[PDB]
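Peer 1: This is query-v7.csv, which holds CSV, C-alpha atoms:
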```csv
chain,number,residue,atom,x,y,z
A,37,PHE,CA,148.5,-48.6,-186.6
A,38,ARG,CA,147.0,-46.3,-189.3
A,39,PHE,CA,143.3,-45.7,-188.6
A,40,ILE,CA,140.0,-44.0,-189.4
A,41,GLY,CA,138.6,-42.3,-186.3
A,42,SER,CA,136.0,-39.8,-185.1
A,43,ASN,CA,135.1,-37.6,-182.2
A,44,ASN,CA,132.3,-37.5,-179.8
A,45,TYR,CA,132.0,-35.1,-176.9
A,46,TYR,CA,129.1,-36.4,-174.8
A,47,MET,CA,130.5,-39.8,-173.7
A,48,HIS,CA,131.1,-38.6,-170.2
A,49,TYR,CA,127.5,-37.4,-169.5
A,50,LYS,CA,124.9,-39.2,-171.6
A,51,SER,CA,123.1,-42.5,-170.9
A,52,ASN,CA,124.3,-46.0,-171.5
A,53,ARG,CA,121.9,-46.3,-174.4
A,54,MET,CA,123.4,-43.1,-176.0
A,55,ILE,CA,127.0,-44.2,-175.3
A,56,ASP,CA,126.3,-47.7,-176.6
A,57,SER,CA,124.8,-46.3,-179.8
A,58,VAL,CA,127.9,-44.1,-180.5
A,59,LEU,CA,130.3,-47.0,-179.8
A,60,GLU,CA,128.3,-49.7,-181.7
A,61,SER,CA,128.0,-47.2,-184.6
A,62,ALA,CA,131.8,-46.8,-184.6
A,63,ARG,CA,132.4,-50.5,-184.6
A,64,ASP,CA,129.7,-51.1,-187.4
A,65,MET,CA,131.4,-48.3,-189.5
A,66,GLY,CA,134.9,-49.5,-189.0
A,67,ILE,CA,135.9,-46.5,-186.9
A,68,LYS,CA,138.8,-47.8,-184.7
A,69,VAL,CA,139.6,-44.7,-182.5
A,70,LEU,CA,137.2,-42.2,-180.9
A,71,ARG,CA,138.5,-38.9,-179.5
A,72,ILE,CA,136.4,-37.8,-176.5
A,73,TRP,CA,136.3,-35.2,-173.7
A,74,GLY,CA,137.7,-36.2,-170.3
A,75,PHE,CA,136.6,-32.9,-168.6
A,76,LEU,CA,133.6,-31.1,-167.1
A,77,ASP,CA,134.9,-28.0,-165.3
A,78,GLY,CA,133.0,-25.6,-163.2
A,79,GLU,CA,129.8,-25.7,-161.2
A,80,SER,CA,127.5,-24.1,-163.7
A,81,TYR,CA,128.7,-26.4,-166.6
A,82,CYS,CA,128.3,-29.5,-164.3
A,83,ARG,CA,124.9,-28.3,-163.2
A,84,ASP,CA,123.8,-27.8,-166.8
A,85,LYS,CA,124.5,-31.5,-167.6
A,86,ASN,CA,123.6,-32.7,-164.1
A,87,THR,CA,127.0,-34.4,-164.3
A,88,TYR,CA,130.1,-33.6,-162.2
A,89,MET,CA,133.9,-34.1,-162.8
A,90,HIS,CA,135.6,-30.9,-161.6
A,91,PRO,CA,133.1,-28.5,-160.1
A,92,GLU,CA,135.5,-26.5,-157.9
A,93,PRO,CA,139.3,-26.6,-157.3
A,94,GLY,CA,140.2,-29.8,-155.4
A,95,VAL,CA,136.7,-31.3,-155.8
A,96,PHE,CA,136.6,-34.3,-158.1
A,97,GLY,CA,133.3,-36.0,-158.9
A,98,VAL,CA,130.0,-35.1,-157.3
A,99,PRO,CA,130.3,-32.4,-154.6
A,100,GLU,CA,128.8,-33.1,-151.2
A,101,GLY,CA,125.2,-32.1,-150.8
A,102,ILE,CA,123.8,-32.9,-154.3
A,103,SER,CA,121.5,-35.9,-154.6
A,104,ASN,CA,120.3,-37.0,-158.1
A,105,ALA,CA,123.5,-35.9,-159.8
A,106,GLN,CA,125.6,-38.1,-162.1
A,107,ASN,CA,129.4,-38.5,-161.7
A,108,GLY,CA,131.2,-37.9,-165.0
A,109,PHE,CA,134.0,-40.3,-163.9
A,110,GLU,CA,131.3,-43.0,-163.7
A,111,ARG,CA,130.0,-42.1,-167.2
A,112,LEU,CA,133.6,-42.1,-168.5
A,113,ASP,CA,134.2,-45.4,-166.8
A,114,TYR,CA,131.2,-46.9,-168.6
A,115,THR,CA,132.4,-45.5,-172.0
A,116,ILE,CA,135.9,-47.0,-171.5
A,117,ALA,CA,134.5,-50.4,-170.4
A,118,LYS,CA,132.1,-50.5,-173.3
A,119,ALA,CA,134.8,-49.3,-175.8
A,120,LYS,CA,137.1,-52.1,-174.4
A,121,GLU,CA,134.3,-54.7,-175.1
A,122,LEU,CA,133.9,-53.5,-178.6
A,123,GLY,CA,137.6,-53.1,-179.4
A,124,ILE,CA,137.5,-49.3,-179.9
A,125,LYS,CA,140.5,-47.2,-178.7
A,126,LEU,CA,140.0,-43.8,-177.1
A,127,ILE,CA,142.0,-40.6,-177.1
A,128,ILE,CA,141.0,-38.7,-174.0
A,129,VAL,CA,141.4,-34.9,-173.9
A,130,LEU,CA,142.1,-33.3,-170.5
A,131,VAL,CA,140.9,-29.6,-170.8
A,132,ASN,CA,139.2,-27.4,-173.4
A,133,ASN,CA,140.7,-24.3,-174.8
A,134,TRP,CA,137.1,-23.1,-175.3
A,135,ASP,CA,134.4,-22.3,-172.7
A,136,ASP,CA,132.3,-25.4,-173.5
A,137,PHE,CA,132.4,-27.7,-170.5
A,138,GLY,CA,134.2,-24.8,-168.5
A,139,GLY,CA,137.6,-24.9,-170.2
A,140,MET,CA,140.6,-22.8,-169.4
A,141,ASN,CA,138.5,-19.7,-168.6
A,142,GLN,CA,136.7,-21.7,-165.8
A,143,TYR,CA,140.1,-22.3,-164.3
A,144,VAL,CA,141.0,-18.7,-164.6
A,145,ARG,CA,137.8,-17.5,-162.9
A,146,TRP,CA,138.3,-20.0,-160.0
A,147,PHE,CA,141.7,-18.4,-159.4
A,148,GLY,CA,140.6,-14.8,-159.8
A,149,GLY,CA,142.2,-14.0,-163.1
A,150,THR,CA,140.8,-12.0,-166.0
A,151,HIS,CA,142.6,-13.3,-169.1
A,152,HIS,CA,142.2,-16.8,-170.7
A,153,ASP,CA,145.9,-17.2,-171.1
A,154,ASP,CA,146.6,-16.8,-167.4
A,155,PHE,CA,145.8,-20.6,-167.4
A,156,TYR,CA,149.3,-21.2,-168.9
A,157,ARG,CA,151.2,-18.8,-166.5
A,158,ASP,CA,149.6,-18.8,-163.1
A,159,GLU,CA,151.3,-21.4,-160.9
A,160,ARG,CA,148.1,-22.0,-158.8
A,161,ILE,CA,146.1,-22.8,-162.0
A,162,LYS,CA,149.0,-25.1,-163.3
A,163,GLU,CA,148.8,-26.9,-159.9
A,164,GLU,CA,145.1,-27.4,-160.2
A,165,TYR,CA,145.3,-28.7,-163.8
A,166,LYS,CA,148.1,-31.2,-162.6
A,167,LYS,CA,145.9,-32.2,-159.6
A,168,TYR,CA,142.9,-32.9,-161.9
A,169,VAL,CA,145.1,-34.8,-164.5
A,170,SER,CA,146.7,-37.0,-161.7
A,171,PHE,CA,143.2,-37.7,-160.2
A,172,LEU,CA,141.9,-38.8,-163.6
A,173,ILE,CA,145.0,-40.8,-164.7
A,174,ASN,CA,145.0,-42.7,-161.4
A,175,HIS,CA,141.3,-43.3,-161.3
A,176,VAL,CA,140.1,-46.9,-160.9
A,177,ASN,CA,137.5,-47.6,-163.5
A,178,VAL,CA,134.4,-48.9,-161.4
A,179,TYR,CA,133.4,-51.2,-164.3
A,180,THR,CA,136.8,-52.8,-165.1
A,181,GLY,CA,138.7,-52.6,-161.9
A,182,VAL,CA,141.6,-51.2,-163.8
A,183,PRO,CA,143.2,-47.8,-163.3
A,184,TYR,CA,143.1,-45.5,-166.4
A,185,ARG,CA,147.0,-45.5,-166.1
A,186,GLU,CA,147.0,-49.3,-166.9
A,187,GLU,CA,144.1,-49.3,-169.4
A,188,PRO,CA,145.2,-50.3,-173.0
A,189,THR,CA,141.7,-49.2,-174.4
A,190,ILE,CA,143.0,-45.6,-173.8
A,191,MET,CA,145.4,-44.9,-176.7
A,192,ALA,CA,146.6,-41.4,-175.7
A,193,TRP,CA,146.2,-38.6,-173.3
A,194,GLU,CA,145.8,-35.1,-174.9
A,195,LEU,CA,146.8,-32.0,-173.0
A,196,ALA,CA,144.2,-29.4,-174.2
A,197,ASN,CA,141.7,-29.4,-177.0
A,198,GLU,CA,142.6,-26.6,-179.5
A,199,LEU,CA,145.2,-25.0,-177.3
A,200,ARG,CA,145.8,-21.3,-178.1
A,201,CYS,CA,147.8,-18.4,-176.5
A,202,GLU,CA,147.1,-15.3,-178.5
A,203,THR,CA,148.8,-13.2,-175.8
A,204,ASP,CA,152.2,-14.8,-176.6
A,205,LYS,CA,152.7,-14.7,-180.4
A,206,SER,CA,156.5,-15.6,-179.8
A,207,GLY,CA,155.3,-19.2,-179.1
A,208,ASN,CA,157.4,-19.6,-175.9
A,209,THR,CA,154.5,-19.7,-173.4
A,210,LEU,CA,152.9,-22.7,-175.0
A,211,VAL,CA,156.2,-24.5,-175.7
A,212,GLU,CA,157.0,-24.1,-171.9
A,213,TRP,CA,153.5,-25.2,-170.8
A,214,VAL,CA,153.4,-28.2,-173.2
A,215,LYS,CA,157.0,-29.3,-172.0
A,216,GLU,CA,155.9,-29.0,-168.4
A,217,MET,CA,152.6,-30.8,-168.7
A,218,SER,CA,153.6,-33.6,-171.2
A,219,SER,CA,156.6,-34.4,-168.9
A,220,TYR,CA,154.3,-34.3,-165.9
A,221,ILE,CA,151.9,-36.8,-167.5
A,222,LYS,CA,154.9,-39.2,-168.5
A,223,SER,CA,156.0,-39.0,-164.8
A,224,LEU,CA,152.5,-40.3,-163.8
A,225,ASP,CA,151.9,-42.8,-166.6
A,226,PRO,CA,154.9,-44.3,-168.6
A,227,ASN,CA,152.4,-46.6,-170.5
A,228,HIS,CA,150.4,-44.1,-172.6
A,229,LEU,CA,151.1,-41.9,-175.7
A,230,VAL,CA,150.8,-38.2,-174.9
A,231,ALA,CA,149.8,-35.5,-177.5
A,232,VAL,CA,148.8,-31.9,-177.4
A,233,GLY,CA,145.3,-31.8,-179.1
A,234,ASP,CA,145.9,-28.4,-180.8
A,235,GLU,CA,144.8,-27.3,-184.3
A,236,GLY,CA,148.3,-27.4,-185.9
A,237,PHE,CA,149.0,-23.6,-186.4
A,238,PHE,CA,152.4,-22.6,-187.8
A,239,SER,CA,154.6,-19.6,-186.9
A,240,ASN,CA,156.1,-18.0,-190.0
A,241,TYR,CA,158.1,-20.9,-191.5
A,242,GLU,CA,160.0,-20.3,-194.7
A,243,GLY,CA,158.3,-22.1,-197.5
A,244,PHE,CA,155.0,-22.5,-195.7
A,245,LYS,CA,152.3,-20.1,-196.9
A,246,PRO,CA,148.4,-20.5,-196.9
A,247,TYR,CA,146.8,-21.7,-200.1
A,248,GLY,CA,145.4,-18.7,-201.9
A,249,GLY,CA,146.6,-16.3,-199.2
A,250,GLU,CA,143.5,-17.0,-197.0
A,251,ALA,CA,143.7,-17.7,-193.2
A,252,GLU,CA,147.2,-16.2,-193.0
A,253,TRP,CA,146.7,-16.1,-189.2
A,254,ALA,CA,146.9,-20.0,-189.2
A,255,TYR,CA,150.4,-19.7,-190.7
A,256,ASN,CA,151.8,-16.6,-189.0
A,257,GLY,CA,151.8,-17.6,-185.4
A,258,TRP,CA,148.8,-15.4,-184.4
A,259,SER,CA,147.5,-18.1,-182.0
A,260,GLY,CA,150.7,-18.4,-180.1
A,261,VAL,CA,151.3,-22.0,-181.4
A,262,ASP,CA,154.6,-23.0,-183.1
A,263,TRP,CA,153.6,-26.5,-184.2
A,264,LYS,CA,157.1,-27.5,-185.3
A,265,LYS,CA,158.6,-26.5,-181.9
A,266,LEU,CA,155.8,-28.4,-180.0
A,267,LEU,CA,156.4,-31.5,-182.1
A,268,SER,CA,160.1,-31.5,-181.2
A,269,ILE,CA,159.3,-31.8,-177.5
A,270,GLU,CA,160.6,-35.2,-176.4
A,271,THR,CA,157.6,-36.0,-174.2
A,272,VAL,CA,155.1,-35.4,-177.1
A,273,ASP,CA,154.7,-38.6,-179.0
A,274,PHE,CA,152.7,-37.5,-182.1
A,275,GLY,CA,151.5,-34.4,-183.8
A,276,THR,CA,147.9,-33.3,-183.9
A,277,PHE,CA,146.1,-30.9,-186.3
A,278,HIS,CA,142.6,-29.9,-187.0
A,279,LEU,CA,140.9,-28.6,-190.2
A,280,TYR,CA,137.9,-26.2,-190.4
A,281,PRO,CA,138.4,-23.9,-193.4
A,282,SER,CA,134.8,-22.5,-192.9
A,283,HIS,CA,135.8,-21.3,-189.4
A,284,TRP,CA,139.1,-19.7,-190.5
A,285,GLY,CA,138.3,-17.3,-193.3
A,286,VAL,CA,138.8,-19.6,-196.3
A,287,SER,CA,136.4,-19.1,-199.2
A,288,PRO,CA,134.1,-22.1,-200.0
A,289,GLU,CA,135.6,-22.5,-203.5
A,290,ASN,CA,139.0,-22.9,-201.7
A,291,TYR,CA,138.0,-25.3,-198.9
A,292,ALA,CA,139.2,-28.4,-200.7
A,293,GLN,CA,142.5,-27.1,-201.8
A,294,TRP,CA,143.3,-25.1,-198.7
A,295,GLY,CA,142.7,-28.3,-196.6
A,296,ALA,CA,144.8,-30.3,-199.1
A,297,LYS,CA,147.8,-27.9,-198.7
A,298,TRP,CA,147.2,-27.8,-194.9
A,299,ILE,CA,147.4,-31.6,-194.7
A,300,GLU,CA,150.5,-31.8,-197.0
A,301,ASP,CA,152.3,-29.1,-195.0
A,302,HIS,CA,151.7,-30.9,-191.7
A,303,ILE,CA,152.8,-34.3,-193.0
A,304,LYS,CA,156.0,-32.7,-194.5
A,305,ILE,CA,156.9,-31.2,-191.1
A,306,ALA,CA,156.1,-34.3,-189.2
A,307,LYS,CA,158.3,-36.4,-191.6
A,308,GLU,CA,161.3,-34.1,-191.1
A,309,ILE,CA,161.0,-34.5,-187.2
A,310,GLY,CA,160.2,-38.3,-187.7
A,311,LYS,CA,157.0,-38.5,-185.5
A,312,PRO,CA,153.5,-39.6,-186.4
A,313,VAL,CA,150.8,-37.2,-187.2
A,314,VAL,CA,147.0,-37.4,-186.9
A,315,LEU,CA,144.4,-35.1,-188.5
A,316,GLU,CA,142.2,-35.5,-185.5
A,317,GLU,CA,139.4,-33.1,-186.3
A,318,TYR,CA,138.1,-32.0,-189.7
A,319,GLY,CA,134.8,-30.8,-190.9
A,320,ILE,CA,132.8,-29.0,-193.5
A,321,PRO,CA,129.3,-27.6,-192.7
A,322,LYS,CA,126.5,-29.6,-194.3
A,323,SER,CA,125.1,-26.3,-195.8
A,324,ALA,CA,128.4,-25.2,-197.4
A,325,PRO,CA,128.2,-24.9,-201.2
A,326,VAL,CA,130.7,-27.7,-201.9
A,327,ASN,CA,130.6,-31.5,-202.3
A,328,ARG,CA,131.4,-32.4,-198.6
A,329,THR,CA,131.7,-36.1,-199.4
A,330,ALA,CA,134.1,-35.6,-202.3
A,331,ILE,CA,136.3,-33.2,-200.2
A,332,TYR,CA,136.3,-35.7,-197.2
A,333,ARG,CA,137.4,-38.4,-199.7
A,334,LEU,CA,140.3,-36.1,-201.0
A,335,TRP,CA,141.5,-35.2,-197.5
A,336,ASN,CA,141.4,-38.8,-196.3
A,337,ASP,CA,143.3,-39.9,-199.4
A,338,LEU,CA,146.0,-37.3,-198.9
A,339,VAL,CA,146.5,-38.3,-195.2
A,340,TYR,CA,146.8,-41.9,-196.1
A,341,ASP,CA,148.7,-41.7,-199.3
A,342,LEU,CA,151.3,-39.2,-197.9
A,343,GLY,CA,152.0,-41.4,-194.8
A,344,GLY,CA,149.9,-39.7,-192.1
A,345,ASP,CA,148.7,-42.0,-189.3
A,346,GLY,CA,145.1,-41.1,-188.9
A,347,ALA,CA,142.2,-39.0,-190.0
A,348,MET,CA,139.3,-38.4,-187.6
A,349,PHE,CA,136.2,-36.6,-188.7
A,350,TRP,CA,134.2,-34.2,-186.4
A,351,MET,CA,131.9,-35.8,-185.5
A,352,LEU,CA,130.0,-39.1,-184.9
A,353,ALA,CA,126.7,-39.2,-183.1
A,354,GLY,CA,124.1,-41.9,-182.3
A,355,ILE,CA,120.6,-42.2,-181.1
A,356,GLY,CA,119.1,-39.3,-179.1
A,357,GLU,CA,117.0,-39.1,-176.0
A,358,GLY,CA,115.0,-36.4,-174.2
A,359,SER,CA,115.5,-32.9,-175.5
A,360,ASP,CA,118.5,-34.1,-177.5
A,361,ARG,CA,116.6,-36.1,-180.1
A,362,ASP,CA,115.6,-35.1,-183.6
A,363,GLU,CA,112.5,-36.3,-185.6
A,364,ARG,CA,114.6,-39.3,-186.9
A,365,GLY,CA,115.5,-40.4,-183.4
A,366,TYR,CA,119.2,-39.2,-183.6
A,367,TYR,CA,121.1,-36.8,-181.4
A,368,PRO,CA,120.5,-33.6,-183.4
A,369,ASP,CA,122.9,-32.0,-185.9
A,370,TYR,CA,123.4,-28.8,-183.9
A,371,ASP,CA,126.6,-27.6,-185.6
A,372,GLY,CA,126.2,-28.9,-189.2
A,373,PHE,CA,129.0,-31.5,-188.8
A,374,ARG,CA,127.1,-34.5,-187.4
A,375,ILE,CA,127.6,-37.8,-189.2
A,376,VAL,CA,125.4,-40.8,-188.0
A,377,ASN,CA,125.4,-44.5,-189.2
A,378,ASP,CA,122.7,-43.9,-191.9
A,379,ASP,CA,122.4,-43.8,-195.7
A,380,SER,CA,124.1,-40.3,-196.2
A,381,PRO,CA,126.8,-40.2,-198.8
A,382,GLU,CA,129.2,-39.2,-196.0
A,383,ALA,CA,128.3,-42.3,-193.9
A,384,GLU,CA,128.6,-44.5,-196.9
A,385,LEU,CA,132.0,-43.1,-197.8
A,386,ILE,CA,133.2,-43.7,-194.2
A,387,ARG,CA,131.9,-47.4,-194.2
A,388,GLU,CA,133.4,-48.2,-197.6
A,389,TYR,CA,136.6,-46.4,-197.0
A,390,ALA,CA,137.2,-48.1,-193.6
A,391,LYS,CA,137.5,-51.4,-195.5
A,392,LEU,CA,140.8,-50.2,-196.9
A,393,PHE,CA,142.2,-50.5,-193.3
```
Using structure tokens, write down the structure from this file.

Peer 2:
Amino acid sequence: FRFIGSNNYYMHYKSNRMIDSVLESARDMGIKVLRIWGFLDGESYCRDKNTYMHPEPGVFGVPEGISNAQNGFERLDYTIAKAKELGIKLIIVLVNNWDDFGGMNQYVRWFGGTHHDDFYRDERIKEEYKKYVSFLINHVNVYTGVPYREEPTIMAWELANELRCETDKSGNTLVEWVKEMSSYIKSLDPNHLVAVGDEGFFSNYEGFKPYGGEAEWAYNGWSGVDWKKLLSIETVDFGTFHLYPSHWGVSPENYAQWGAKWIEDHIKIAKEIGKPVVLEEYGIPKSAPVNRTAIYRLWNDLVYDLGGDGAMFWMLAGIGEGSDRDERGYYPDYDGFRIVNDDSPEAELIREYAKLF
């Protein structure tokens, strides 16, 4: 099951019309897998979307006392049921490294800490993450009647989007946390693949240096991530990496080739270990002084031709509504990465390329 996929982050809080437009766009473009967020942590983040999943510790769904709020589990349930109708598979990510939608820092603030990385160490935070994950995995979808645990539309659970632990550059904190939480999920759900959801960073491996010497921090363990050691965890089923040269200190004239070497290096390590690997986020800003479409083509070709299992662009959007609607009727391109099902060269590439699958 090699595939083309994409990402969309708003499937747990937008309307049926918006959700349907992303999923029908995926199906019409030949996108078989969609990576989505399964989290909305913290009162202020839930208030800002009027949608609740984890507003406080031990509170799941809409808290008592709010009328006119949405329940993010009901939105997620709709997305899963609609994806099942359309034959789309979902990878569902369980927490963010980043503050959007609350993230690890929201957990740390609930429990009185002052450092992001306390999320991996504090046993009270670990308890709350496990409690949320068990709640979500065992949730009965109100549209299908089927618990998420038993739902084949869900392809994989992912521990944490873009996991980093800069305060432990030895790598051991995140190896211990990923062992603990991956084994924990397998004890709740023996049916589903489990992956990490991180960006892929290496930790000073002989023979592995950045193209052109740029973004050395992505190769020298700066983020606390030892990708090869994470991949070797028995309860992690496949490797994940992401690719954003424009965020990482790569020069534009090197975006193509730095991403090519990044992809080649991840495939080579995955093949040694003998586990699948997915390039699960990649993007170039629309305004970068490069040919985005030709570089997407090159990166997809390298994943496929070297034996990777999937390539998933960041990100697919559909029609917009309300304040989230541009002059063309689409959810706006707020980060310069949006692709919609239109006549752009990128959308054309994805539709034609998906026919090779």

Peer 1: Separation of atom CA of residue A:289 and atom CA of residue A:41, in Å?

Peer 2: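 Separation of atom CA of residue A:289 and atom CA of residue A:41: 26.4 Å.
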
Peer 1: Using only C-alpha atoms, determine which residues lie at most 10 Å from residue A:351, disregarding the query and same-chain residues fewer than 3 positions distant; provide the list as a list in words.

Peer 2: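 So the residues in contact are residues 41, 42, 43, 44, 45, 70, 71, 317, 318, 319, 348, 369, 371, 372, 373, 374, 375 and 376 of chain A.
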
Peer 1: Find the spatial neighbours of residue A:153, counting all atoms listed in the file, within a cut-off of 12 Å - ignore same-chain residues fewer than 4 positions away - and output them as a ChimeraX atom specification.

Peer 2: /A:133-134,139-145,149,157-158,161-162,199-205,209-210,213,259-260

Peer 1: When distances are computed from all atoms listed in the file, which of A:343, A:181, A:226, A:246 shows the smallest separation from residue A:304?

Peer 2: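 Closest candidate: A:343.
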
Peer 1: Which neighbours of residue A:385 fall inside 10 Å, counting only C-alpha atoms, when residues of the same chain fewer than 6 positions from it are skipped, and could you give them as a list in words?

Peer 2: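 Near residue A:385, the qualifying residues are residues 65, 329, 330, 332, 333 and 379 of chain A.
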
Peer 1: What does the distance from atom CA of residue A:284 to atom CA of residue A:338 come to in Å, to one decimal?

Peer 2: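 Computing the Euclidean distance for atom CA of residue A:284 and atom CA of residue A:338 yields 20.7 Å.
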
Peer 1: Set the distance at 7 Å and use all atoms listed in the file: which residues neighbour stretch 105-117 of chain A once local chain neighbours fewer than 5 positions away are removed? I'd like the list as a ChimeraX atom specification.

Peer 2: /A:47-49,55,86-89,97-98,177-180,189

Peer 1: Near residue A:46, counting only C-alpha atoms, which residues have an atom at most 10 Å away, once you skip same-chain residues fewer than 6 positions from it, shown as number ranges by chain?

Peer 2: A: 54-55, 58, 72-74, 85, 111-112, 353

Peer 1: Go ahead and write the selection's residues with C-alpha atoms as a short mmCIF file (atom, residue, chain, number, x, y, z; two decimals), in the coordinates of the input.

Peer 2:
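Below is the file that was written, result_25.cif:
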```cif
data_model
loop_
_atom_site.label_atom_id
_atom_site.label_comp_id
_atom_site.auth_asym_id
_atom_site.auth_seq_id
_atom_site.Cartn_x
_atom_site.Cartn_y
_atom_site.Cartn_z
CA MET A 54 123.40 -43.10 -176.00
CA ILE A 55 127.00 -44.20 -175.30
CA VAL A 58 127.90 -44.10 -180.50
CA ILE A 72 136.40 -37.80 -176.50
CA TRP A 73 136.30 -35.20 -173.70
CA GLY A 74 137.70 -36.20 -170.30
CA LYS A 85 124.50 -31.50 -167.60
CA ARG A 111 130.00 -42.10 -167.20
CA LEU A 112 133.60 -42.10 -168.50
CA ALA A 353 126.70 -39.20 -183.10
#
```

Peer 1: Enter the distance from atom CA of residue A:196 to atom CA of residue A:84, in Å, rounded to one decimal.

Peer 2: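 So the answer is 21.8 Å.
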
Peer 1: Go through A:152, A:118, A:215, A:322 one by one, measure the shortest atom-to-atom distance of each to residue A:53 using all atoms listed in the file, and give the residue with the smallest value.

Peer 2: A:118

Peer 1: In file coordinates, which residues lie within 10 Å of (136.0, -50.7, -185.8) using only C-alpha atoms, given as JSON, numbers by chain?

Peer 2: {"A": [39, 40, 41, 59, 60, 61, 62, 63, 64, 65, 66, 67, 68, 69, 70, 122, 123, 124, 125, 387, 390, 391, 393]}

Peer 1: Check the smallest atom-to-atom distance from each of A:102, A:195, A:172, A:251 to residue A:129 using only C-alpha atoms, then report the winner.

Peer 2: A:195

Peer 1: I'd like to know which of A:165, A:247, A:171, A:258 is closest to residue A:217, using all atoms listed in the file.

Peer 2: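 Residue with the minimum atom-to-atom distance to residue A:217: A:165.
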
Peer 1: With distances taken over all atoms listed in the file, which residue among A:228, A:219, A:305, A:381 lies nearest residue A:242?

Peer 2: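 Using all atoms listed in the file, residue A:242 sits closest to A:305.
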
Peer 1: Taking only C-alpha atoms into account, which of A:297, A:212, A:131, A:270 comes nearest residue A:244?

Peer 2: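 Smallest separation from residue A:244 among the options: A:297.
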
Peer 1: Atoms are missing here; could stretch 202-213 of chain A be completed with N, CA, C and O atoms and written as a CSV table (one decimal), in the frame of the given file?

Peer 2:
```csv
chain,number,residue,atom,x,y,z
A,202,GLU,N,146.9,-16.5,-177.6
A,202,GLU,CA,147.1,-15.3,-178.5
A,202,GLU,C,147.9,-14.2,-177.9
A,202,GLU,O,148.4,-13.4,-178.6
A,203,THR,N,148.0,-14.2,-176.5
A,203,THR,CA,148.8,-13.2,-175.8
A,203,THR,C,150.3,-13.5,-175.8
A,203,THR,O,151.1,-12.7,-175.3
A,204,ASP,N,150.8,-14.6,-176.5
A,204,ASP,CA,152.2,-14.8,-176.6
A,204,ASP,C,152.5,-15.3,-178.0
A,204,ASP,O,152.7,-16.5,-178.3
A,205,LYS,N,152.5,-14.4,-179.0
A,205,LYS,CA,152.7,-14.7,-180.4
A,205,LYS,C,154.2,-15.1,-180.7
A,205,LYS,O,154.5,-15.6,-181.8
A,206,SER,N,155.1,-15.0,-179.6
A,206,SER,CA,156.5,-15.6,-179.8
A,206,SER,C,156.5,-17.1,-179.7
A,206,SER,O,157.5,-17.7,-180.1
A,207,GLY,N,155.4,-17.7,-179.2
A,207,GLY,CA,155.3,-19.2,-179.1
A,207,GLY,C,155.9,-19.7,-177.8
A,207,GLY,O,155.6,-20.9,-177.5
A,208,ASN,N,156.6,-18.9,-177.0
A,208,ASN,CA,157.4,-19.6,-175.9
A,208,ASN,C,156.4,-20.0,-174.8
A,208,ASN,O,156.7,-21.0,-174.1
A,209,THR,N,155.4,-19.3,-174.5
A,209,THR,CA,154.5,-19.7,-173.4
A,209,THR,C,154.0,-21.1,-173.6
A,209,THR,O,154.0,-21.9,-172.7
A,210,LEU,N,153.5,-21.4,-174.8
A,210,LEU,CA,152.9,-22.7,-175.0
A,210,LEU,C,154.0,-23.8,-175.1
A,210,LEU,O,153.7,-24.9,-174.6
A,211,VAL,N,155.1,-23.5,-175.7
A,211,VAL,CA,156.2,-24.5,-175.7
A,211,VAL,C,156.5,-24.9,-174.2
A,211,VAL,O,156.7,-26.1,-173.9
A,212,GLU,N,156.7,-23.8,-173.3
A,212,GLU,CA,157.0,-24.1,-171.9
A,212,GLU,C,155.9,-24.9,-171.3
A,212,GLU,O,156.2,-25.9,-170.6
A,213,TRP,N,154.6,-24.5,-171.5
A,213,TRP,CA,153.5,-25.2,-170.8
A,213,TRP,C,153.5,-26.7,-171.3
A,213,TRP,O,153.3,-27.6,-170.5
```
